[PDB]
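Asker: Structure provided below as structure tokens; questions to follow.
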Amino acid sequence: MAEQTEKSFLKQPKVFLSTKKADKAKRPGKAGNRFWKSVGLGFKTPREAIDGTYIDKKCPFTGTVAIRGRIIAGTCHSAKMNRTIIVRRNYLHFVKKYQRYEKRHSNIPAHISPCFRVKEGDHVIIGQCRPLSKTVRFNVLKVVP
Amino acid sequence: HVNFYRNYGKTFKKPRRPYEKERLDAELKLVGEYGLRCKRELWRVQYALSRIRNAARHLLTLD
Amino acid sequence: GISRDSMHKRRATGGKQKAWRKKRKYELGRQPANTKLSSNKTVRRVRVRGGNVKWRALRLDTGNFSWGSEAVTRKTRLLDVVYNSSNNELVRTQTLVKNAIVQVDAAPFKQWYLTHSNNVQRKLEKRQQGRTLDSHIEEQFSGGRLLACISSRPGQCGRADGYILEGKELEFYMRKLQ
Amino acid sequence: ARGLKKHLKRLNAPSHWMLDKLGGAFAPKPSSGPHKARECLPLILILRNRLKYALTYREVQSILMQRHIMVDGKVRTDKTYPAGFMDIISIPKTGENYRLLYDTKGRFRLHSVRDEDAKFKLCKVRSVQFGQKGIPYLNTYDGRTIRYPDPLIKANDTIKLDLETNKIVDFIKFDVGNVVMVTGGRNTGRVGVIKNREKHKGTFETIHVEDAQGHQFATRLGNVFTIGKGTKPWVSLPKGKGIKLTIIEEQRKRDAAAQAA
RNA sequence: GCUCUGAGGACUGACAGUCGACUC
RNA sequence: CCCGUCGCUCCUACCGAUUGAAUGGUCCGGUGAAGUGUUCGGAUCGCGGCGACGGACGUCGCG
RNA sequence: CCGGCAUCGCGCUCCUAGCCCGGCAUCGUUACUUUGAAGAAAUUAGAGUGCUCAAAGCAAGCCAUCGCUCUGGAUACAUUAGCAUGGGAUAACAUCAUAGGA
RNA sequence: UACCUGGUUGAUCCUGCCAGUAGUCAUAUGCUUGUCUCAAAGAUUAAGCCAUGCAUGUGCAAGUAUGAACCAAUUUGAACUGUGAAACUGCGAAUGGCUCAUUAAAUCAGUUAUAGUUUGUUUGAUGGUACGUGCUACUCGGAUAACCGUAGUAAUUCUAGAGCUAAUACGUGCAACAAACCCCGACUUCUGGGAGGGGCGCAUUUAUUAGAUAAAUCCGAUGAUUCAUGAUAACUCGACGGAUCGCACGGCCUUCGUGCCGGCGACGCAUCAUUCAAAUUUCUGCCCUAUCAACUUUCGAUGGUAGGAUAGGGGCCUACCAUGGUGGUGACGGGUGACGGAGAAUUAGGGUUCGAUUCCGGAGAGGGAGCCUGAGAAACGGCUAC
Ligand SMILES: [Mg+2]
Ligand SMILES: [Mg+2]
Ligand SMILES: [Mg+2]
Ligand SMILES: [Mg+2]
Ligand SMILES: [Mg+2]
Ligand SMILES: [Mg+2]
Ligand SMILES: [Mg+2]
Ligand SMILES: [Mg+2]
Ligand SMILES: [Mg+2]
Ligand SMILES: [Mg+2]
Ligand SMILES: [Mg+2]
Ligand SMILES: [Mg+2]
Ligand SMILES: [Mg+2]
Ligand SMILES: [Mg+2]
């Protein structure tokens, strides 16, 4: 089927697919239903994450990543990766000698789930997870385009 | 080495312009009237007085 | 020796990262196990942080394989690795490694499926009214040797465990193998 | 370092231990125990510095291995035992009980009690949740654990523990309207009745408190410690009924103390 | 040197059938 | 009043053939102690089974 | 200086919720400022205390200076970054004319 | 104490610098020194070299003593009674202590995180079945230090062999119901069964499953979890489930049998919680330099998947795929006589300079590299190599 694109058959952990006694409204992730979870903190799961086909061990709503720590907001600065973006956190620095402000910026890598869909320069809200790579520690939880 | 931690500071500051007839005569007046051992003794009093006056001034700045 | 510190790596911008400590123990790595598939089972101790134990599975033939659809988990003998999605070198050299596709006996499984007076048939007929037995797992018993996916960390826990393939995953791996 | 640090030098010893600066290089370094070693008071600081039952390190060692000292009702030979909030120290040779309570300045006092108000102690619960075979149990902030807890007892609540049956005798449900005695931060010591509790998704939930004589403050959920249901606490409060008063009033009280003397 | 792995196509009816001398 | 070339003394740096030299680091390449892990390996050392033998043996017990 | 109040105050079903009732949730972001939490001690200021003063120190004082009383060991600051309440002038960023609006 | 004065001129008014004046918990030195309190003192250069001596060992009523001594000393049964050195076993030596060589978003500071982890101990709770055909547990091993004796060597906590003797060292091995629940199941009678009897501590690994609602008999947590946890099928050559040690004597005969007994302690084994910690970690914050405008990428550089390794996340490493990451908001590089900070001097306010140093964090033991013991060390008052 469409999503399986690699050399290994991708599937969700602890979800059991070929089950004899099947039914559709038990709890998601049970009875062979797809697993999804609600990240909390007032955020809401995406519709297409709910009824999605993609598999990602790093999506907050369909994977094993727990969003805990801090939540930053930024703007997407590059969307040229596989399931990952770079958010630019523009902010203002205070230099004490001059009593004036100088703008700085920090480019923070963030993992976009396949459910989300970001275009270059779209506002994003991202939340801290466990270190997912050398440069990724944030999952994109919200996108405003 | 504790006994290192015991604070200690100074008690005076020497005046800026070392040689003026007016200040020098005022100091000799005070040392003569109050019978001092040297003008270090006079110079401590201004240090203490300056500290208290500055304490008062910082208060009077507020409401 | 081997290390897991990030000191040797380059910064994200690429600038070289000067080394400012000498290596510490809590960042040690150890040479892999390359768990063979052989008759001479030998799994050996290592004493790791905290004084507890890790069982390095250097070579195994007997593992523990589950069957989720039927909820039956039988010990069985490893036949051979047939597919690995990480390294064909591991297929050729026969390394029991997590999420490989091994082939197993169906010997405990056939007689378990043979299991399942009046009280017996009164239960057997209660079953046999819901038997499913997909044709694709069906032909595999006739072949006498079952595609199963190893799903333990042999070099970590000293066991080869796993689960029989069924459904989408079985059809997909089988289609790769043809 | 390469391992645990076992010396604690005197100037690193927390502020509320009151111990002087030039009496030596080191400080008693409370052992890993039932209280958090930052919110504690070792038995040597209890005997030597406050009660003056000894005059040196070795003299407190003599006191403790005479087997004279009792903590939570059982004798204790340790000499850097991290006693904490509402630990009871009895000295049966003196028939004398202390219960270790804060004052409004954030320091420990030894508030005396009789025996009927010493047979039990009082502590809050860290968490209630399951264990082996599905038996519920709770874990306090005192280290103590209770099995088969009363199925109403929730997290953040407070319990009384008798020192003979060694189980619950009652529990106060952490709620609005009952009194607390904050045990950390600048507000520690001040008793007072909750008027509000606001929760924020993802971080600390704060409690607004009022000193029964009017003053109002707030503190996060960590350092609150409900004492009694309603306004009446279930423990004998210290000499000043948990009211922190302005430094101006601490001047007026000393003026009024001297002007009647 | 030997044994292999992979990539790179054509024709016929995003898949299936047949074929394919060569290069990496 | 004062400007420059030239002559003499002294200081400072400059260019300079010299495949200049010394010192120290860095990368690639060669050789590579030793440790760790592993494949074989098996000096000796433990019920010293049995022959139902006359403290002695081979067949051994696996470790 | 404010509580509370009407005009020409888009809703509330949920906690707080009146002797049909103030003052209730989710459907733009911040910057600014206020209050609070939490803020390692030593240092810095600052209180108390006759180490003789002092730099200090964290002591120490009266009992009939006769079988112990009264005790202290405060407070302040902590620029920024982060957490939270209320203010919403000042200024950015963002944006309802295709009506895909309410 | 928010301060100015001498010098360009024949004089004058200026820009302007030179000089003056003051301080340093800032160093050297000169000259001089009678008293009390206070107290820095091989850091700057050379984190260069070291004679010598010391700096980490340890014994309670509670592990092991006629292996040799000392004090009581016997009716000459039995003690090693009591004090004991030595040695074995256990624990610690990973703390302190010194120094600042390395190192410029790095260490460090404020503040986060662990649902991404390890933790001797202290404190609190907890502990079936070891096989027996689950029908209430079925038996006691040498060898080993110190000591004796016999040696090598020039040698040193260098070393070989013979002979004794111990364990809380080592190696074994008796196990507590109803068996609750689970799966096979004779024959009975037909069963929605009776079932006669056959297999089930906890830990490890894996897999299936439960972990419940909404207004006209559901029952734990979190902001959020396939969470806590339960049940089941098995799996493991199981670490574990006590062959351990002290005083205090004291109710009462079942064969009056140290008789049936039973308390107070020590030590210890495993799981959970806690505590002392660490490790990794998120945001923001560092000096001069553009005569440092491109750096990283075959050999991990940014990401994806699959996996290995680790206590654990992670390009920490491998295979395959993608070509990304950073940069005028200063990347990369270069300098630092640069460990970071709390803080020190001076200060009207703003600032300027400093911070080796006793408090905290890091790093290092002549330079590097690699390891064993251990909960903890990439340890140097431990080893291995150059
Ligand atoms: Mg140290
Ligand atoms: Mg201690
Ligand atoms: Mg000025
Ligand atoms: Mg002129
Ligand atoms: Mg002139
Ligand atoms: Mg000058
Ligand atoms: Mg230096
Ligand atoms: Mg991975
Ligand atoms: Mg340096
Ligand atoms: Mg230090
Ligand atoms: Mg040296
Ligand atoms: Mg070191
Ligand atoms: Mg070393
Ligand atoms: Mg040394």
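We label chains A, B, ... in the order they appear in the structure tokens, count residues from 1 in each chain, and number ligands from 1 in the order shown.
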As a PyMOL selection string, please: the residues near residue 49 (chain A) (cut-off 10 Å, only C-alpha atoms (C1' of nucleotides), same-chain neighbours under 5 positions excluded).
Answerer: chain A and resi 35-37+54-55+59-62+113-116
Asker: Take the residues that were just selected and, keeping C-alpha atoms, output them as an mmCIF file, in the first residue's frame.
Answerer:
data_model
loop_
_atom_site.group_PDB
_atom_site.id
_atom_site.type_symbol
_atom_site.label_atom_id
_atom_site.label_comp_id
_atom_site.auth_asym_id
_atom_site.auth_seq_id
_atom_site.Cartn_x
_atom_site.Cartn_y
_atom_site.Cartn_z
ATOM 1 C CA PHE A 35 -2.676 4.354 17.543
ATOM 2 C CA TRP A 36 -2.967 8.073 18.122
ATOM 3 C CA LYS A 37 -2.482 10.171 21.234
ATOM 4 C CA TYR A 54 1.764 7.436 7.440
ATOM 5 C CA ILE A 55 3.926 5.833 10.128
ATOM 6 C CA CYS A 59 5.217 12.248 15.310
ATOM 7 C CA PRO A 60 3.798 13.514 18.628
ATOM 8 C CA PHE A 61 0.307 12.296 17.802
ATOM 9 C CA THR A 62 1.078 8.927 16.194
ATOM 10 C CA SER A 113 5.083 15.028 11.161
ATOM 11 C CA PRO A 114 3.720 13.918 7.779
ATOM 12 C CA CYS A 115 0.274 15.065 8.924
ATOM 13 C CA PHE A 116 1.394 18.678 9.185
#
Asker: If you run DSSP on the backbone here, which positions in chain C get strand (DSSP E or B)? Please write them as an MDAnalysis selection string.
Answerer: chainID C and resid 3 28 36:37 42:47 53:60 62:67 72:84 95 100:104 146:150 161:164
Asker: If we count only C-alpha atoms (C1' of nucleotides) and set the cut-off at 12 Å, which residues sit around region 40-56 of chain B, ignoring sequence neighbours fewer than 4 positions away in its own chain? Please answer as a list in words.
Answerer: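 Residues near the query, excluding close chain neighbours: residues 10, 11, 12, 13, 14, 15, 24, 26, 27, 28, 29, 30, 31, 32, 33, 34, 35, 36, 60, 61 and 62 of chain B; 45, 46 and 54 of chain G; 1 and 348 of chain H.
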Asker: Among chain A, which ones does DSSP place in helix (DSSP H, G or I), written as a ChimeraX atom specification?
Answerer: /A:47-50
Asker: If I take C1' of residue 283 (chain H) and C1' of residue 302 (chain H), how far is one from the other in Å, to one decimal?
Answerer: 21.8 Å
Asker: Ligand 6: which residues are within 9 Å, counting only C-alpha atoms (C1' of nucleotides) and all ligand atoms? Reply as a PDB file with N, CA and C atoms (P, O5', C5', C4', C3', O3' and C1' of nucleotides), in the first residue's frame.
Answerer:
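This went into pocket28.pdb:
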ATOM      1  P     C H  18      48.386  62.475  26.157  1.00  0.00           P
ATOM      2  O5'   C H  18      49.668  63.237  26.670  1.00  0.00           O
ATOM      3  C5'   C H  18      50.944  62.850  26.209  1.00  0.00           C
ATOM      4  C4'   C H  18      51.996  63.813  26.672  1.00  0.00           C
ATOM      5  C3'   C H  18      52.196  63.898  28.168  1.00  0.00           C
ATOM      6  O3'   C H  18      52.989  62.848  28.682  1.00  0.00           O
ATOM      7  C1'   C H  18      52.037  66.064  27.291  1.00  0.00           C
ATOM      8  P     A H  19      52.493  62.044  29.970  1.00  0.00           P
ATOM      9  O5'   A H  19      52.679  63.075  31.153  1.00  0.00           O
ATOM     10  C5'   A H  19      53.977  63.436  31.569  1.00  0.00           C
ATOM     11  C4'   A H  19      53.961  64.694  32.385  1.00  0.00           C
ATOM     12  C3'   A H  19      53.210  64.627  33.691  1.00  0.00           C
ATOM     13  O3'   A H  19      53.905  63.950  34.721  1.00  0.00           O
ATOM     14  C1'   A H  19      52.612  66.588  32.565  1.00  0.00           C
ATOM     15  P     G H  20      53.108  62.914  35.646  1.00  0.00           P
ATOM     16  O5'   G H  20      52.472  63.836  36.773  1.00  0.00           O
ATOM     17  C5'   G H  20      53.258  64.835  37.390  1.00  0.00           C
ATOM     18  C4'   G H  20      52.434  65.984  37.905  1.00  0.00           C
ATOM     19  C3'   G H  20      51.437  65.659  38.985  1.00  0.00           C
ATOM     20  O3'   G H  20      52.062  65.548  40.245  1.00  0.00           O
ATOM     21  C1'   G H  20      50.469  67.120  37.400  1.00  0.00           C
ATOM     22  P     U H  21      51.939  64.202  41.098  1.00  0.00           P
ATOM     23  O5'   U H  21      50.558  64.385  41.855  1.00  0.00           O
ATOM     24  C5'   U H  21      50.194  65.646  42.386  1.00  0.00           C
ATOM     25  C4'   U H  21      48.733  65.681  42.734  1.00  0.00           C
ATOM     26  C3'   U H  21      48.156  64.369  43.227  1.00  0.00           C
ATOM     27  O3'   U H  21      48.427  64.128  44.593  1.00  0.00           O
ATOM     28  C1'   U H  21      46.745  65.268  41.581  1.00  0.00           C
TER      29        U H  21
END
Asker: Please find the residues contacting ligand 1 at a distance of at most 10 Å between atoms, with only C-alpha atoms (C1' of nucleotides) and all ligand atoms counted, and report them as a list in words.
Answerer: residues 1, 2, 3 and 5 of chain D; 94, 95, 96, 97 and 98 of chain H
Asker: Residue 41 (chain C): which residues within 10 Å, counting only C-alpha atoms (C1' of nucleotides), same-chain residues fewer than 4 positions away excluded, as a list in words?
Answerer: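 The neighbour list is residues 36, 37, 57, 58, 59, 60, 61 and 62 of chain C.
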Asker: Keeping N, CA and C atoms for every residue in the selection just given, could you write it to a file as an mmCIF file, in the first residue's frame?
Answerer:
data_model
loop_
_atom_site.group_PDB
_atom_site.id
_atom_site.type_symbol
_atom_site.label_atom_id
_atom_site.label_comp_id
_atom_site.auth_asym_id
_atom_site.auth_seq_id
_atom_site.Cartn_x
_atom_site.Cartn_y
_atom_site.Cartn_z
ATOM 1 N N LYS C 36 25.682 -15.095 15.631
ATOM 2 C CA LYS C 36 25.584 -16.091 14.582
ATOM 3 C C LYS C 36 24.362 -16.971 14.793
ATOM 4 N N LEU C 37 24.038 -17.732 13.765
ATOM 5 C CA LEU C 37 23.019 -18.767 13.821
ATOM 6 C C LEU C 37 23.738 -20.099 13.676
ATOM 7 N N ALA C 57 24.610 -12.445 23.314
ATOM 8 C CA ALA C 57 24.238 -13.665 22.616
ATOM 9 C C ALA C 57 25.140 -13.811 21.405
ATOM 10 N N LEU C 58 26.261 -14.504 21.583
ATOM 11 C CA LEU C 58 27.212 -14.660 20.493
ATOM 12 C C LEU C 58 26.699 -15.603 19.421
ATOM 13 N N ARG C 59 25.903 -16.602 19.795
ATOM 14 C CA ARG C 59 25.432 -17.579 18.823
ATOM 15 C C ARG C 59 24.291 -18.429 19.371
ATOM 16 N N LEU C 60 23.220 -18.580 18.591
ATOM 17 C CA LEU C 60 22.015 -19.254 19.052
ATOM 18 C C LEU C 60 21.380 -20.032 17.914
ATOM 19 N N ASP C 61 20.611 -21.053 18.288
ATOM 20 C CA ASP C 61 19.768 -21.773 17.344
ATOM 21 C C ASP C 61 18.346 -21.915 17.874
ATOM 22 N N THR C 62 18.181 -21.959 19.192
ATOM 23 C CA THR C 62 16.868 -22.108 19.807
ATOM 24 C C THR C 62 16.364 -20.757 20.291
#
Asker: Write out as a list in words the residues lying within 8 Å of residue 34 (chain F), counting only C-alpha atoms (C1' of nucleotides) and excluding same-chain residues fewer than 5 positions away.
Answerer: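 The filter keeps residues 370, 384 and 385 of chain H.
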Asker: Would you write out those residues with C-alpha atoms (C1' of nucleotides), as a PDB file, in the first residue's frame?
Answerer:
ATOM      1  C1'   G H 370      44.235   1.776  26.749  1.00  0.00           C
ATOM      2  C1'   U H 384      49.351  -1.640  30.795  1.00  0.00           C
ATOM      3  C1'   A H 385      52.193   0.418  26.371  1.00  0.00           C
TER       4        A H 385
END
Asker: Pick out the residues sitting within 7 Å of residue 63 (chain C), and hand them over as a VMD selection string; count only C-alpha atoms (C1' of nucleotides), and ignore anything fewer than 5 positions along from it in its own chain.
Answerer: chain C and resid 75 to 78 159 to 161
Asker: Given the selection you just returned, output its residues as a file containing N, CA, C and O atoms, formatted as a PDB file, in the first residue's frame.
Answerer:
ATOM      1  N   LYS C  75       8.443 -22.211  21.988  1.00  0.00           N
ATOM      2  CA  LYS C  75       9.863 -22.322  21.689  1.00  0.00           C
ATOM      3  C   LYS C  75      10.037 -23.036  20.358  1.00  0.00           C
ATOM      4  O   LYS C  75       9.226 -23.883  19.981  1.00  0.00           O
ATOM      5  N   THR C  76      11.087 -22.688  19.622  1.00  0.00           N
ATOM      6  CA  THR C  76      11.372 -23.412  18.394  1.00  0.00           C
ATOM      7  C   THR C  76      12.837 -23.227  18.023  1.00  0.00           C
ATOM      8  O   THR C  76      13.575 -22.491  18.677  1.00  0.00           O
ATOM      9  N   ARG C  77      13.254 -23.908  16.961  1.00  0.00           N
ATOM     10  CA  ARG C  77      14.635 -23.880  16.502  1.00  0.00           C
ATOM     11  C   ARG C  77      14.773 -22.957  15.302  1.00  0.00           C
ATOM     12  O   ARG C  77      13.969 -23.017  14.367  1.00  0.00           O
ATOM     13  N   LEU C  78      15.797 -22.111  15.336  1.00  0.00           N
ATOM     14  CA  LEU C  78      16.088 -21.217  14.226  1.00  0.00           C
ATOM     15  C   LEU C  78      16.624 -22.014  13.051  1.00  0.00           C
ATOM     16  O   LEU C  78      17.574 -22.784  13.198  1.00  0.00           O
ATOM     17  N   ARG C 159      18.717 -13.565  24.296  1.00  0.00           N
ATOM     18  CA  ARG C 159      17.659 -14.404  23.750  1.00  0.00           C
ATOM     19  C   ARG C 159      17.370 -13.985  22.326  1.00  0.00           C
ATOM     20  O   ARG C 159      17.492 -12.810  21.985  1.00  0.00           O
ATOM     21  N   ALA C 160      16.956 -14.938  21.514  1.00  0.00           N
ATOM     22  CA  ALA C 160      16.317 -14.655  20.240  1.00  0.00           C
ATOM     23  C   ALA C 160      14.837 -14.946  20.423  1.00  0.00           C
ATOM     24  O   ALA C 160      14.447 -16.090  20.674  1.00  0.00           O
ATOM     25  N   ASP C 161      14.023 -13.906  20.342  1.00  0.00           N
ATOM     26  CA  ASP C 161      12.581 -14.015  20.442  1.00  0.00           C
ATOM     27  C   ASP C 161      11.990 -13.411  19.185  1.00  0.00           C
ATOM     28  O   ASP C 161      12.678 -12.750  18.416  1.00  0.00           O
TER      29      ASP C 161
END
Asker: Report as a list in words which protein, DNA and RNA residues come within 12 Å of ligand 10, using only C-alpha atoms (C1' of nucleotides) and all ligand atoms.
Answerer: residues 1 of chain D; 96, 97, 98, 99, 100, 339, 340, 341, 356, 357, 358, 359, 360, 361, 362 and 363 of chain H
Asker: Using only C-alpha atoms (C1' of nucleotides) and all ligand atoms, determine which residues fall within 12 Å of ligand 11, then list them as a list in words.
Answerer: residues 46, 47, 48, 49, 50, 98, 99, 101, 364, 365, 366 and 367 of chain H
Asker: Taking only residues of chain H that have an atom at most 12 Å from an atom of ligand 4, what is each one's shortest atom pair and its distance in Å to one decimal, using only C-alpha atoms (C1' of nucleotides) and all ligand atoms, in chain and number order, as JSON lines?
Answerer:
{"residue": "H:7", "atom": "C1'", "partner": "ligand 4", "partner_atom_place_in_ligand_line": "1 (Mg)", "distance": 11.8}
{"residue": "H:8", "atom": "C1'", "partner": "ligand 4", "partner_atom_place_in_ligand_line": "1 (Mg)", "distance": 4.4}
{"residue": "H:9", "atom": "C1'", "partner": "ligand 4", "partner_atom_place_in_ligand_line": "1 (Mg)", "distance": 7.3}
{"residue": "H:16", "atom": "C1'", "partner": "ligand 4", "partner_atom_place_in_ligand_line": "1 (Mg)", "distance": 11.5}
Asker: Mind checking which residues fall within 8 Å of region 38-43 of chain G, counting only C-alpha atoms (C1' of nucleotides), ignoring those fewer than 2 positions away in the same chain, and posting them as a VMD selection string?
Answerer: (chain B and resid 5) or (chain D and resid 11 to 15 185) or (chain H and resid 343 359)
Asker: Keeping only N, CA, C and O atoms (P, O5', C5', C4', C3', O3' and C1' of nucleotides), take the residues you just selected and write them out as a PDB file, in the first residue's frame.
Answerer:
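The new file selection-v5.pdb reads:
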ATOM      1  N   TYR B   5      38.036  34.083  55.876  1.00  0.00           N
ATOM      2  CA  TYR B   5      36.761  34.633  55.468  1.00  0.00           C
ATOM      3  C   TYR B   5      36.393  35.872  56.258  1.00  0.00           C
ATOM      4  O   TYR B   5      35.374  36.498  55.961  1.00  0.00           O
TER       5      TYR B   5
ATOM      6  N   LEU D  11      30.500  27.218  54.401  1.00  0.00           N
ATOM      7  CA  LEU D  11      29.723  28.270  53.760  1.00  0.00           C
ATOM      8  C   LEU D  11      28.741  27.756  52.729  1.00  0.00           C
ATOM      9  O   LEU D  11      27.918  28.538  52.251  1.00  0.00           O
ATOM     10  N   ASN D  12      28.791  26.488  52.364  1.00  0.00           N
ATOM     11  CA  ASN D  12      27.781  25.981  51.456  1.00  0.00           C
ATOM     12  C   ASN D  12      26.563  25.468  52.215  1.00  0.00           C
ATOM     13  O   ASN D  12      25.528  25.187  51.603  1.00  0.00           O
ATOM     14  N   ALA D  13      26.657  25.374  53.537  1.00  0.00           N
ATOM     15  CA  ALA D  13      25.577  24.827  54.346  1.00  0.00           C
ATOM     16  C   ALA D  13      24.391  25.782  54.372  1.00  0.00           C
ATOM     17  O   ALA D  13      24.556  26.945  54.754  1.00  0.00           O
ATOM     18  N   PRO D  14      23.174  25.313  54.031  1.00  0.00           N
ATOM     19  CA  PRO D  14      22.057  26.222  53.727  1.00  0.00           C
ATOM     20  C   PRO D  14      21.808  27.323  54.744  1.00  0.00           C
ATOM     21  O   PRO D  14      22.207  27.234  55.910  1.00  0.00           O
ATOM     22  N   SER D  15      21.116  28.367  54.289  1.00  0.00           N
ATOM     23  CA  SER D  15      21.023  29.596  55.061  1.00  0.00           C
ATOM     24  C   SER D  15      20.316  29.386  56.391  1.00  0.00           C
ATOM     25  O   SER D  15      20.702  29.984  57.401  1.00  0.00           O
ATOM     26  N   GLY D 185      10.790  28.437  50.066  1.00  0.00           N
ATOM     27  CA  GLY D 185      10.718  29.761  49.487  1.00  0.00           C
ATOM     28  C   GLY D 185      10.770  30.861  50.526  1.00  0.00           C
ATOM     29  O   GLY D 185      11.139  30.658  51.686  1.00  0.00           O
TER      30      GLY D 185
ATOM     31  P     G H 343      27.414  38.521  42.821  1.00  0.00           P
ATOM     32  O5'   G H 343      28.463  38.604  44.006  1.00  0.00           O
ATOM     33  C5'   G H 343      29.394  39.667  44.071  1.00  0.00           C
ATOM     34  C4'   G H 343      30.789  39.165  44.326  1.00  0.00           C
ATOM     35  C3'   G H 343      31.870  40.228  44.301  1.00  0.00           C
ATOM     36  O3'   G H 343      32.019  40.874  45.552  1.00  0.00           O
ATOM     37  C1'   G H 343      32.487  38.484  42.872  1.00  0.00           C
ATOM     38  P     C H 359      36.798  26.556  49.888  1.00  0.00           P
ATOM     39  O5'   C H 359      35.516  27.400  49.485  1.00  0.00           O
ATOM     40  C5'   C H 359      34.411  27.512  50.365  1.00  0.00           C
ATOM     41  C4'   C H 359      33.142  27.759  49.596  1.00  0.00           C
ATOM     42  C3'   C H 359      32.938  26.875  48.386  1.00  0.00           C
ATOM     43  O3'   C H 359      32.409  25.611  48.725  1.00  0.00           O
ATOM     44  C1'   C H 359      32.539  29.118  47.790  1.00  0.00           C
TER      45        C H 359
END
Asker: Can you tell me how far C1' of residue 379 (chain H) sits from CA of residue 47 (chain C), in Å to one decimal?
Answerer: 18.7 Å
Asker: Write as a ChimeraX atom specification the residues around ligand 14, taking 10 Å as the cut-off and counting only C-alpha atoms (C1' of nucleotides) and all ligand atoms.
Answerer: /H:55,365,380-381
Asker: For the residues in the current selection, export C-alpha atoms (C1' of nucleotides) as a PDB file, in the first residue's frame.
Answerer:
ATOM      1  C1'   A H  55      49.862  12.865  53.442  1.00  0.00           C
ATOM      2  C1'   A H 365      47.937  14.719  37.001  1.00  0.00           C
ATOM      3  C1'   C H 380      47.732   7.961  38.337  1.00  0.00           C
ATOM      4  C1'   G H 381      49.330   9.079  46.755  1.00  0.00           C
TER       5        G H 381
END
Asker: If you measure from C1' of residue 172 (chain H) to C1' of residue 137 (chain H), what distance in Å do you get, rounded to one decimal?
Answerer: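 Computed distance, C1' of residue 172 (chain H) to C1' of residue 137 (chain H), equals 17.0 Å.
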